[PDB]
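> Starting from these lines, generate the structure:
(6 chains, ligands or ions: 10)
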Amino acid sequence: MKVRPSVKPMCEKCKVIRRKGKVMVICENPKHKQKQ
Amino acid sequence: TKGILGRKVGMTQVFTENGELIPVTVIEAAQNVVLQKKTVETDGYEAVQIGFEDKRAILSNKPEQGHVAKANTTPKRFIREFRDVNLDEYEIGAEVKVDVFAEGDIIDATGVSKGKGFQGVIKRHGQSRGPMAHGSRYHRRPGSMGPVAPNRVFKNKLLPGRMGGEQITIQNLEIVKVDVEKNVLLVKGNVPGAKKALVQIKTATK
Amino acid sequence: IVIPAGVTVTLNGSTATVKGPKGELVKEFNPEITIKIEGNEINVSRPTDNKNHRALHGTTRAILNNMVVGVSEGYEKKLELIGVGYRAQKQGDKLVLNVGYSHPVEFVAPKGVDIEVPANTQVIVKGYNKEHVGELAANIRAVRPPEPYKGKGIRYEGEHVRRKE
Amino acid sequence: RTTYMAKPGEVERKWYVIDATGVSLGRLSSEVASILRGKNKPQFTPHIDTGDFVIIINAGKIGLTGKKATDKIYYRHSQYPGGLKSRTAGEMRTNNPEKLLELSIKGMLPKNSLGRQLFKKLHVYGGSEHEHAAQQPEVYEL
RNA sequence: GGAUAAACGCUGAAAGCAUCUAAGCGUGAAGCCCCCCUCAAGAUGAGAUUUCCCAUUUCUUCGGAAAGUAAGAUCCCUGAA
RNA sequence: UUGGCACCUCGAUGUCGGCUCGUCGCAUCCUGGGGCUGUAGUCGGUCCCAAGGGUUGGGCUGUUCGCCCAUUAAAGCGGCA
Ligand SMILES: [K+]
Ligand SMILES: [Mg+2]
Ligand SMILES: [Mg+2]
Ligand SMILES: [Mg+2]
Ligand SMILES: [Mg+2]
Ligand SMILES: [Mg+2]
Ligand SMILES: [Mg+2]
Ligand SMILES: [Mg+2]
Ligand SMILES: [Mg+2]
Ligand SMILES: [Zn+2]
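Numbering: from 1, shown residues only, chains lettered A, B, ... in the order given. Ligands and ions are numbered 1, 2, ... in the order given. Shown next is the protein structure:
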């Protein structure tokens, strides 16, 4: 995980979602896991 | 779970079959009797009320006499409840000998520690003496109460006072020997309290 | 929205039951939804078309359908073991795994779930409750999930393990 | 000159029962406080307890809107350093709801000798049953 | 042990897929509540159980009082664990 | 922290360092849990949750700091005149 205010897609496979009131992105790439 | 009350007779040491040497406290646990059997419906908690020593009817009184007569025995000096214990055992009036235990059986010993009087902090609470030279005029005093900002000193700042008399349980002691004739129980190591003190021995919670 | 042979759907307010050849499934749904019944088919609707009701419409439909497909055909999930020494067995109705730890790990399949050992490198979960099937498969996989550098561990058979140098 | 001031014992004082099921903690407590202080009566006199005695049942079913079950936090302090102990409103509703409504209503009563005396007139039960049938009490509706 | 954090997930839509969440389920920390030790009913919310003493006499128009006792406890005395 | 302001105190609010006693925060040093890894394993880097407990003894200096010797699981940063 990378915890950042700047949660944005890093590729085209990244997918923004809203889990527990927080913006995450999930991708197949584990690096792209972003939390806000 | 199983328990008795006893008096501390003293300390000695015993050789085991290995030739190892084992200090032991001696507990004399005569005249133990069951006096009342408390229930969840009568009281709210299950327990067994044991009385330990026989005493004289002029040191007793008519209330205690009645309570023991409901058990069909004499007035008693020490009376104590034990919990976490089965009540299908322990019929009223029954005598409760040391033979309930066994060698190597494992216990908690609960008693009232010895009386040191008014003591200071380094003995009581283990604090450190300040230097005794190099100009010190601070040897056995307690230290700073605290900082300035509260305008007060916090609770549990530890200070002189009356040291002992506190109740203490020692855990996971081992029973070495049982002698039903002498009404004697041997315990590896120690227990709290002076000689002639009451000890409450019971099967260990863990 | 099929209701195949043998299935019986019953309702009482927010509660519901579905019986069938393979088990009973008593569950609940929130009452705000609306039901309509045919002998082979049961439909669902939402009164107001606001956020929660949209969320719950397809949810409730899918969950009913899962209940139905479970009682009528059940569910299977396949886990394969990858790695020398990684061994599976069942002592009757108790799975046991021997996967390179200094001990084995055992599992019990709760009421409605069942295990199967078609081989030492292969185990399968079976049930009529999809939730329990997936959960027990997930927990069984959780013991040695796949490492990338070789793939050594449990995995679903159609899982796309990522590997590295 | 001349306007009525009550006297202790001058006023009949009744015993009321409330089903706390589904009502919000604060709304129920606000109605109960006024009953206890005696503002439903025109015999009200600020320095005298004209109010009634009150019973609350099914307190474990008291309503808590929002995430208050997890996020409304009750605090106690032992006056020892770090003697702060927290507990959630939902947990209290489950285990010790009597103390919950007690806490709510205490902060809504006056902070005096009288208000302390008024708190004693409250008898709370998380169940449907109470001990005070001997007083044969009436239902109150909010 | 019970419930959680971060985290991992099951099922599952909103949004014919996908998604650990939105409804709902599970795992999950030396931490939280308990387990263990101690104090604790002045806990004026003053709790409970067991046993004991009994319903005296003067008065006072009432309230209420005092004046000897019971169960029991002490002044006093020998003392220490 | 360096500073700026000069608002209480000049009919007195005692200073550095140390000793005694600690207590609090978390921006966690160790122990504990976890995600990413340019994570093979051992070791590690970075980041999230965690403040429960623990966090050395000496040589030089008045010294804080700092250098050094030797250990440690670790030898935390800071607030409380
Ligand atoms: K000055
Ligand atoms: Mg020293
Ligand atoms: Mg001196
Ligand atoms: Mg758990
Ligand atoms: Mg002055
Ligand atoms: Mg001065
Ligand atoms: Mg942090
Ligand atoms: Mg020097
Ligand atoms: Mg030096
Ligand atoms: Zn991506």
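
> Now the element after the longest helix anywhere in chain C, going C-ward?
Using DSSP state H to define each element, chain C has its longest helix at helix C:51-73. The helix or strand immediately downstream of helix C:51-73 is strand C:75-82, counting by DSSP states H and E.

> what residues does that following strand touch?
C:69, C:87-88, C:97, C:99, C:120-130, C:133-134, C:137, C:140-141, C:146, C:150-157 (Cβ atoms under 8 Å, 6 or more residues apart in numbering or on different chains). Every C-beta, even on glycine, is put in place using the N, C-alpha and C of the backbone.

> and the residues you listed, which are buried?
C:69, C:88, C:97, C:99, C:123-130, C:133, C:137, C:140-141, C:146, C:152-155 (16 or more other Cβ atoms under 10 Å in any protein chain shown).

> so which of those residues also contact RNA strand E?
By Cβ under 7 Å from any atom of the strand, the members of the buried ones among the contacts of strand C:75-82 lying near RNA strand E are residue C:130.

> Inside strands: which ones of the buried ones among the contacts of strand C:75-82?
Secondary structure assignment by DSSP state E places C:88, C:97, C:123, C:124, C:125, C:126, C:127, C:153, C:154, C:155 of the buried ones among the contacts of strand C:75-82 in strands.

> For those residues, which two are the farthest from each other?
Spanning the widest gap among those are C:127 and C:153, at 23.0 Å by Cβ to Cβ.

> can you tell if stretch C:150-165 touches ligand 10?
No. Counting by Cβ under 5 Å from the ion, ligand 10 is not contacted by stretch C:150-165; separation bottoms out at 12.6 Å.

> what distance separates stretch B:8-21 from the centre of its chain?
In terms of Cα atoms, centre = their mean, to the nearest Å, the gap separating the centre of stretch B:8-21 from the centre of its chain is 21 Å.

> now swap in stretch C:14-33 and tell me
Here stretch C:14-33 is found 16 Å from its chain centre; the criterion is Cα atoms, centre = their mean.

> is it true that residue C:86 touches residue C:99?
Yes. Using Cβ atoms under 8 Å, residue C:86 is in contact with residue C:99, at 4.9 Å.

> shared neighbours, the two?
Shared contacts of residue C:86 and residue C:99, counting by Cβ under 8 Å, 6+ apart, come down to C:144, C:153.

> Could you check how far residue D:105 is from RNA strand E?
Going from residue D:105 to RNA strand E by Cβ to the nearest atom of the strand, to the nearest Å gives 11 Å.

> same for the helix or strand hosting that residue, what does it pack against?
Here residue D:105, judged by DSSP H and E, is contained in helix D:97-106. Contact here means 3 or more Cβ pairs under 8 Å, 6 or more residues apart in numbering or on different chains; DSSP states H and E; on that basis helix D:97-106 packs against helix D:25-37, helix D:89-95, helix D:113-119, strand D:122-124.

> Around RNA strand E, pick out the residues from chain D.
So far as Cβ under 7 Å from any atom of the strand goes, chain D lies against RNA strand E at D:85, D:86, D:98, D:102, D:116, D:120.

> how about a cut-off of 6 Å?
D:85, D:102, D:120 (Cβ under 6 Å from any atom of the strand).

> ok, the first one touching residue D:76?
Spelled out, that is residue D:85. Yes. Taking contacts as Cβ under 8 Å, residue D:85 lies within contact range of residue D:76: 4.9 Å.

> how many neighbours does residue C:11 have?
Neighbour count of residue C:11, defined by other Cβ atoms under 10 Å in any protein chain shown: 13.

> Find the residue closest to it in space, skipping its chain neighbours.
Closest residue to residue C:11 apart from its sequence neighbours, by Cβ to Cβ, 6 or more residues apart in numbering or on different chains: residue C:35 at 6.5 Å.

> did I read that right, the one you found in a strand?
Yes. The assignment for residue C:35 by DSSP: H, G, I helix; E, B strand; the rest coil puts it in a strand.

> Pull the number of nearby residues for it.
Quick note: residue C:35 (other Cβ under 10 Å) scores 15 neighbours.

> beta partners for it?
Residues in a beta bridge with residue C:35, per DSSP bridges, are residue C:44.

> and the residue of chain A nearest chain B?
Residue nearest to chain B within chain A (Cβ to the nearest Cβ): residue A:3, separated by 36.2 Å.
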